[PDB]
Amino acid sequence: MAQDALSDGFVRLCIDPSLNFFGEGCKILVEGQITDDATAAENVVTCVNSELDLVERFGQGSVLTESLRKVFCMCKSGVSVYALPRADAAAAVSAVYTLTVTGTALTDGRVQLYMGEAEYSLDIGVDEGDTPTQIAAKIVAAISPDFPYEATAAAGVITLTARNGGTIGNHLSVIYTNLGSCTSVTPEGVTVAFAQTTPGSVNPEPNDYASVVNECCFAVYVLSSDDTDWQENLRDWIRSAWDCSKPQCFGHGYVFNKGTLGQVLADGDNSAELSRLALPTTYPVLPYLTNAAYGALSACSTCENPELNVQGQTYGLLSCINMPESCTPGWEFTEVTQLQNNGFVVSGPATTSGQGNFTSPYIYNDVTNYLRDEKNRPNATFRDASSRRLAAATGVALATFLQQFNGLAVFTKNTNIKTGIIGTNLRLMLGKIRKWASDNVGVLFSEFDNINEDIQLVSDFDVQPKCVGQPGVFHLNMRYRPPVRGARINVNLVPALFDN
Amino acid sequence: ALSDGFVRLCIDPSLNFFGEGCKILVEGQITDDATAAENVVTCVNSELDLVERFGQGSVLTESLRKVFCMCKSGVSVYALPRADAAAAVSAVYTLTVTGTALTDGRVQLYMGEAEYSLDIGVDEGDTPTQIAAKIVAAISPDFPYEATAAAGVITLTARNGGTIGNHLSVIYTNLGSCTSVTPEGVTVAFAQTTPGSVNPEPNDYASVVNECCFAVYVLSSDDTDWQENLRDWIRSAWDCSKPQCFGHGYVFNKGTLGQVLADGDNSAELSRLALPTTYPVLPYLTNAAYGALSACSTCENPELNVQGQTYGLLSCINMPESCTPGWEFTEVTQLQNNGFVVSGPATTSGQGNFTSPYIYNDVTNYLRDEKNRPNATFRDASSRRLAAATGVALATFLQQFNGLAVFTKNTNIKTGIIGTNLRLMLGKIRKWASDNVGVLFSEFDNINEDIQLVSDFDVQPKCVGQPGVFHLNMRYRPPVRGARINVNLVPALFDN
Amino acid sequence: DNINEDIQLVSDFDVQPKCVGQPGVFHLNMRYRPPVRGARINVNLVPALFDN
Amino acid sequence: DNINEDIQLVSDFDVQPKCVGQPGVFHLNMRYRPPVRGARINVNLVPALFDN
Amino acid sequence: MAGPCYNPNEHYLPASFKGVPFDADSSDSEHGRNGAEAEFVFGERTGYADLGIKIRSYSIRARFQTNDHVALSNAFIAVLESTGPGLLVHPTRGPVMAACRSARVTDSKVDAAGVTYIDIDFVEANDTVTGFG
Amino acid sequence: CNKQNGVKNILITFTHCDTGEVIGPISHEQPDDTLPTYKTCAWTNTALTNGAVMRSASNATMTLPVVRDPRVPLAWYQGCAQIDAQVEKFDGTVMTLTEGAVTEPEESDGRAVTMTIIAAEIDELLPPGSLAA
């Protein structure tokens, strides 16, 4: 019985805020390092539900945990996250960083440091003068527990060592924000110096993608390493998903490269699957944090409709990443032009100022590393990232449409179908396909230059020689162009004045 | 009606009380002399029947007394008496009087709650410690503690066993310049000698409250295990395996900050009330007042929030002002952020004068989710009430499709037929949902996607579905309780 | 579902063998489905909140 | 109660069997109710005490 | 009125005067309160003083269509002219005591033959003792 | 067949005002080749000078020509009963009206009725894939 309204049994009520009306969105796969305390098995793809499940399942302050934190922060809803935790190499060497404090406090003030990312920055205020360097180094009490580095807290100097061995932890940066004091009162006679003493040496090179990701269609692949060999292995796997030997499993991957303009340009490999993000040697943010945020944004959170570019200050803003303002762009405009013309992604701060506040970078151009066609002839067919997404959608949509010809009577020698039969022939099939291509104009295609020559259909017998072709096998050829959209406007403003 | 004075109209009254749509259940201990049968739910009439039906000074009577005094009319009360454990020990307190009253004066004490206060006059000067301690003859009968009046010292023993008798802090006037003609030379000492031992753990909720709907559950105990059982029962009332009865429970937790935070089991079915270690009022009395006030005596409107100094004023409770806030502000914020309820004085003073408490935030103990994500879907208690109201109201609206011809696989309805199809049914439901904006829902983010109707034939595979069964999927959002508007002041000293 | 197969009419002669059928006797077969009416509605209510 | 059913008119040809009725004879059936002269109403007091 | 379920016969009382029924066709009233507004000289502030209630007044219009309207109309006028005030059942204001102050009877023989209109102007009249306090 | 402009189902539910009777959602058919017309914005704009406008209350209106059902009195179809209508076009659009009232009925010969309805608001259900919320 219970309440009278629901007693008669005509209505069954269920109240649960965890139910999901819609099907799972696109899948995004994140890959990186972990620590010993992590309970997750190595080389096993696993699902993720909430932020709190991290740490316990992927260790404290590991590379993988930080990457996932940003991904969850950027994608509020409409995506399913998966993780592929790898492990450190046996002979890994952990990077070591030293931060020294000199002098002695003599006036009251505050000191605040920026450690990698805003979420890890700390503010500590020296309460009184006459405090030596040892009363300082109270920072160790303020360093976030989730920081990827360990605070030694030695006598007057603090040593920072990465929690994950290898070259991954070789990109930290610390800045004395309050040096150019404007409003905050920095203590007088206090200075901070940051330097490195030992770099990482060994990185893992897994090559078991064909076994752990065997025949499952992911949308985006995100890698959290700078090893070129590791990145090359990922690229080869993605190609296998776009190959013609077996059914396709289209996907796309994101990686980053850091160094001088000479070194970064040398990493290009004419890859049509990787979207390489280029960063300068003086990037304040940890590299692998920006990579995940960009890839996460490009996931179904903004690519449920495949035709949407990720650019501009509106659709390409990484609001989850904050870095201090600065007067120096990092990339000189001439360098930016060279990088863009060579299939590299570039990012810049939303606002420029010297006050030293926080801002979020945004993507300048969404581009893939496709530069040269096969047979070494340049073009820009796959320059835009959206082109790859459109190609995958175009193939699937065409395949679904062609399913109607499965198990249909066909006539090839004599083309006259007797009354009452259900069938078709070459010309009628070609006519039907042509109608579909014209109908989709403005949705998946731009107007065909000459549709009569851009589509052809030939039976197997006509191609193969005598007594070699099989019945009921057809060959279809097609050429198509993705839609055009505004890209740039050149303005030549010519002022003039009245005649005195 | 039928009477001698025949006239065109006849009339027929039956009884006074009519508000039987609201129910409240109070659970607690009793004493030996109570005539009520144990573990049997019984309706409770006005205060006249008390004492006899539930014993003198029993925990249940005190809780019921506050419930009736807060909700004069408009709600229906119920009681579920429970008996003490097999080997329950009774707490003992000592109050020793020393010195000889060498001046005329009066002595007054405050214990437990304002209703039990006493005020007697010292017989005369030079009355020794033994003629004094006449306080025993003055203590009101309803006090849950028994006074023995030994030679020079008075002993207070709890009338109910278990841990429920481990809460007291006395306030007196027998020293200092507070000369309410105070008798000079008299002093009093307060100390405890024996704590409570054993509490009951009933687990037969499925048998004594079976298939009976209650609105608010009130529990006058502080045993964590006992409270946990009540939470489990409430879940069953909100379960999906049978018709629901709905409901909400009220409990309290007392101790230091470290202890109180350790009781956060993340239950959306309970509203845990946090109190400090030196609360000058017996705990369960305050909890009963909060439950009764929110026990639909004011919450006939689910939307209403029991907060503030106007709606969340526990008038019946009177307590002297404390010398320190008790809950430091740095601690008040933590308790609120952790899903607890915090109460404090409704007036400003530090004199030791009399005030009343009110409730800051009406919030349940909900945190995280089934999938372990954090959200505030069931943060405010009003959400639980609104969710229940929507379920009942929605079921009534859909009743009109019971026994109505439904057409599928051919949507053209012949002329003169009385029926409907999926699209028409969905359109009618959308009309109802929109009209309720501002009463049960806020404006939907996308009304075209948060409502879906699909026939069972489109869910089950071929030749497996049933004829005339639909699945309705709906998502809603309760009204909006405020928003933040950051301001940016600018004096603009320059002109134009 | 298919009215062309749910109704049939056959004369007696076609059913019985020779010299056994009788004039003016017919066999009629028919299958039908009674009307359908609403029987049960399952509701999956999913509350949410307007954050902050 | 239902004016469409409480009045009926039938010619005698529709009541008697074939070739037994008479021409120009009718049967009228009517059912009526005298005016109502009473009503019973039951009341409740419900003296409230809460503010709202 | 909103909704199509209104029923005018259920919300408007049947008019009357001194016990004689008549068919009402309109219903007005006038209320108010006597003030003492005052504005000083060279001043930017004004004042007010409530100084009693204002006497009400009701106006009604009646129509006679039934056969032989002249007899009923000509017989109702003999009631409005009766000495003293009497009970009036206002269609919307309920039963009140009033005294007729004027009445214009309109009629025609060629323009409108068969219907008589009569406008009325009532005034509230409360009985008072004769000893002036 | 989504490009066909036409009406598919018409459901009405009367509610007698003087007896509280309710009749289930009977189906109807239209008398001729005309189609119903709708107005769902309850505000009217008047043209001022230099591009301005003025807003007026107005209502939501409907026009439903339907063949009378031979089992319902003709009076109900005119302004002697509440109406609750639903019209389903071929493309998929469904538009519902509740608590409507008929205004200014005209004479009908007994088969064709052209009701004019007014209500507080009309709810439109666009086919799948709408843009606006």
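Header annotation of the entry names cryo-EM as the structure determination method and lists the resolution as 3.44 Å.

The PDB entry lists chain C under the name Tail sheath protein, from Agrobacterium phage 7-7-1. Anyone opening this PDB entry will find it titled "Agrobacterium phage 7-7-1 baseplate".

As annotated in the PDB entry, chain B carries the name Tail sheath protein and comes from Agrobacterium phage 7-7-1.

S.K.: I tried to follow the pattern of salt bridges on my own but got confused; where do I start?
M.R.: Side chains carrying opposite charge are able to pair once their charged atoms draw close together. In the structure shown here, the tally under the stated rule is 34 salt bridges over all chains. One salt bridge in this structure joins B:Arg106 and B:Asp119, with 2.5 Å as the shortest N-O distance. Residue B:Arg106 is found in strand β6 (residues 106–110), and its partner B:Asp119 is found in strand β7 (residues 118–121); the two are separated by 13 residues along the sequence. Exposure remark for B:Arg106: the relative accessible area of 37% places this residue in the partly exposed category. B:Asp119 gets classed as partly exposed once you look at its relative accessible area, which sits at 37%. For F:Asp123, the salt bridge is made with B:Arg430, and the minimal N-O distance between the two is 3.3 Å.

S.K.: How do you make sense of the arrangement of the chains when you look at a structure like this?
M.R.: One finds no contact between chain B and chain E; the C-alpha atoms of the two approach each other to within 17 Å at their closest. One finds no contact between chain A and chain F; the C-alpha atoms of the two approach each other to within 14 Å at their closest.

S.K.: What am I meant to see in the sheet that holds strand β2 (residues 23–29) of chain B here?
M.R.: Sheet strands line up and pair through hydrogen bonds in the backbone, either parallel or antiparallel. All names here are of chain B. Reading across the sheet, the 6 strands line up as β3-β4-β2-β12-β13-β14 and stay open at both edges, with mixed pairing between neighbours. The open sheet has two edge strands with one neighbour each: β3 (42–43) and β14 (270–275). Strand direction decides the pairing type here: strand β13 (residues 248–254) and β14, joined by 6 bridges, are parallel. Counted as the bridge partner of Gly249 is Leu270 from β14. Helix α4 (residues 224–237) contacts β2, β4 (76–82), β12 (216–219), β13 and β14 of the sheet and is inclined by roughly 170° relative to β12.

S.K.: Sorry, what's going on with the interface of chain B and chain C here?
M.R.: Quite often, the size of an interface is put as the accessible area lost when its parts meet. On the chain C side, the residues contacting the 26 residues of chain B number 16 residues. Interface area, chain B with chain C, both sides summed: about 2,200 Å², of which 61% is carbon and sulfur. Linking chain B with chain C are 0 salt bridges. On the surface where chain B and chain C come into contact, there are 12 residue pairs in polar contact.

S.K.: Whenever I open this one, the packing of aromatic side chains confuses me. Can you help?
M.R.: Here the distance between the centres and the angle between the planes together describe a pair of aromatic rings. Residue and element names in this part refer to chain A. For the structure on display, the rule yields 34 aromatic pairs over all chains. Plain terms: the ring middles of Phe401 and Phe405 are 6.5 Å apart, the flat faces sit at 90° to each other, and that makes the pair edge-to-face. An aromatic cluster of three or more residues is present, and its members are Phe401, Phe405, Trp436, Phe445, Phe448 and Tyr480. Its guanidinium or amino end placed over the ring of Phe218, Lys27 lies 5.8 Å from that ring's centre, counting from NZ or CZ.

S.K.: Would you mind going over helix α2 (residues 69–80) of chain E with me for this structure?
M.R.: Given 3.6 residues to a turn, an α-helix orients residues that are three or four positions apart in the same direction. Residue and element names in this part refer to chain E. The terminal C-alpha atoms of α2 lie 17 Å apart, and with 12 residues this matches the ideal 16 Å at 1.5 Å per residue to within 8%. Within α2 the residues assigned to the buried category are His69, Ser73, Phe76, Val79 and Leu80. The buried residues of α2 occupy an angular sector of 105° when the element is viewed end-on, so they sit on one face. Within α2, the exposed residues directed more than 90 degrees away from the buried face are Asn74 and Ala78.

S.K.: Help me understand helix α10 (residues 422–435) of chain B, please; the structure alone is not making it clear to me.
M.R.: All names here are of chain B. Taking 1.5 Å as the rise per residue, α10 with 14 residues should run 20 Å; its terminal C-alpha atoms sit 20 Å apart, in good agreement. All buried positions along α10 are accounted for by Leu424, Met425, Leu426, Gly427, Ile429, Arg430, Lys431, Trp432 and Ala433. The opening residue of α10, the one whose side-chain oxygen lies 3.1 Å from the backbone nitrogen of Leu424, is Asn421.

S.K.: I'm lost on the sheet that holds strand β9 (residues 153–158) of chain B in this one. Help?
M.R.: Residues and elements named next belong to chain B. In space, the 4 strands of this open sheet follow the order β8-β9-β5-β11, with antiparallel pairing throughout. Only two strands of the sheet have a single neighbouring strand rather than two, namely β8 (145–147) and β11 (187–194). Within the sheet, the average angular offset between the axes of one strand and its neighbour, ignoring direction, is 20°.

S.K.: I tried to follow the environment of E:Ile53 on my own but got confused; where do I start?
M.R.: Residues and elements named next belong to chain E. Here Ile53 is to be found in the loop between β5 (46–47) and β6 (57–64). For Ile53 and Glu37, which are 16 residues apart along the polypeptide, the C-alpha to C-alpha distance reads 15 Å. With near-sequence residues (within four places) excluded, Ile53 lies in contact with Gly32, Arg33 and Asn34.

S.K.: Quick question: what am I supposed to make of the environment of A:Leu84 here?
M.R.: All names here are of chain A. On the secondary structure map, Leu84 appears in strand β4 (residues 79–85). Placed 366 residues apart in sequence, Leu84 and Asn450 show a C-alpha to C-alpha distance of 47 Å. Leaving out residues up to four positions away in the same chain, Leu84 has contacts with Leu29, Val30, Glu31, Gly32, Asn43, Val44, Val45, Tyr209 and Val212.

S.K.: Just to check I follow, could you spell out the packing of helix α9 (residues 381–398) of chain B against α10(B) for this structure?
M.R.: Geometrically, a packed helix pair is captured by the angle between its two axes and the distance between the axes. Residue and element names in this part refer to chain B. At their nearest, the axes of α9 and α10 sit 12 Å apart, and the two run at 145° to each other. Once α9 is placed against α10, the crossing between them reads as right-handed. Contacts from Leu394, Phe397 and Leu398 of α9 reach α10 at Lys428, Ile429 and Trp432. Counted by class, the contact of α9 with α10 contains 5 nonpolar, no polar and 1 charged residues.

Criteria and cut-off values
- All residue numbers given refer to positions from 1 along each chain's written sequence rather than to the entry's numbering, and residues for which no coordinates exist are omitted.
- Starting at A for chains and at 1 for ligands, labels are handed out in the order in which the entities are written.
- Part of a larger assembly is shown, with all reported values restricted to the visible chains.
- Remark: hydrogens and water are excluded; side-chain values derive from all non-hydrogen atoms of the structure.
- A side-chain nitrogen of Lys or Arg and a carboxyl oxygen of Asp or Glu constitute a salt bridge if their distance falls within 4 Å.
- In DSSP terms, a helix is any run of H or I states spanning at least four residues, a strand is any run of E spanning at least two, and both are numbered starting from the N terminus.
- Think of it in three bands: residues with accessible area under 20% of the maximum for their type are buried, residues over 50% are exposed, and the middle band is partly exposed, with areas taken using a 1.4 Å probe on protein chains only.
- In what follows, a contact means two residues having at least one pair of non-hydrogen atoms within 4.5 Å.
- If DSSP finds at least two bridges between two strands, the strands pair.
- Here, axes are lines fitted to C-alpha atoms. For helices the fit covers the stretch in contact, and angles between N-to-C directions go from 0 to 180 degrees.
- A simple way to read buried area is as the amount of 1.4 Å-probe accessible surface that goes missing from two parts once joined, with both sides added.
- Polar contacts here mean pairs of N or O atoms no more than 3.5 Å apart (in protein, one a potential hydrogen donor and the other a potential acceptor; neighbouring residues in sequence count only if both atoms are side-chain atoms).
- Aromatic rings from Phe, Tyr and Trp, with only the six-membered ring used for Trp, were paired whenever their centres fell within 6.5 Å, and each pair was classed as stacked if the ring planes differed by under 30 degrees, edge-to-face if by over 60, and tilted otherwise.
- Placement of a positive charge over a ring is assigned whenever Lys NZ or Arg CZ falls within 6 Å of the ring centre and within 35 degrees of the normal to the ring plane.
- For a helix, the expected span equals 1.5 Å multiplied by the number of residues minus one.
- Throughout, the arc means that of the directions going from the helix axis to the C-beta atoms.
- Throughout, a crossing is termed right-handed when the near helix is turned clockwise from the far one, and left-handed when it is turned anticlockwise from it by less than a right angle.
- Nonpolar residues are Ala, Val, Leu, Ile, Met, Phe, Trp, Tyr, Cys and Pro. Charged residues are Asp, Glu, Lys and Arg, and all others, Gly as well, are polar.

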